[PDB]
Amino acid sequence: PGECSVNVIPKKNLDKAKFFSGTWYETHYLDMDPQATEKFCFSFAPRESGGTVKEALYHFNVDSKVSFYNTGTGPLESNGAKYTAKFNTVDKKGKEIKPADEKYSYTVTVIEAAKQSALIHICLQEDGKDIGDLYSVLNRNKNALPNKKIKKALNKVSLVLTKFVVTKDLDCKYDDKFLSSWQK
């Protein structure tokens, strides 16, 4: 199965204005498929208004030296820390170059946030069925280590940080202006 993890708990009372602002950098990630070993850098700029999330996504494939740009949009759950989005493909100037494929979606759960750190989980789906998932440690600073509360949250779901890929050890290239200028 490409079954998504159980026991993924949304943070209680996430500060929305703080989390859904600025740019987040992935510092550590754990793809739950052990054979998924392509190296990636990830950053994004999530925004929220009227119960709808609109986020700009940036990935960089370290192996192939190719970047790609996406935007995602979807309703925020009443718990305020989980959303399911559909995504399109845009160029670096933000113009759509491929429309959203209706059969795909992803569900982001914000498990924990503390200081400059966060822990999220993403369940990818096709036609509403699980096709894979990943845990991501985020920071406002690319080079920073996570707050201990992020580790505490990992421990509750029987994960340890040492299992994660460390992003700062990769030769990343970022488009920071794409994210900085999001919804400007």
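The numbering used is simple: start at 1 and walk along the sequence shown.
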Taking only the CA atoms, which stretch has the higher mean B-factor in the record, 32 to 40 or 116 to 124? 32 to 40
Of 152 to 160 and 138 to 146, the stretch whose C-alpha atoms average the higher B-factor in the entry: 152 to 160
One of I9, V165, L170, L14 has the largest Cα B-factor in the entry, namely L170
Considering every modelled residue of the chain and its Cα B-factor in the PDB entry, is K54 in the lowest, middle or highest third? middle
Third of chain Cα B-factors occupied by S64: highest
Going by the entry, which third of its chain does the Cα temperature factor of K95 land in? highest
Taking the C-alpha B-factors as the PDB entry records them, is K86 in the lowest, middle or highest third of its chain? middle
By its CA B factor, does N79 count among the lowest, middle or highest third of the modelled residues in the chain? highest
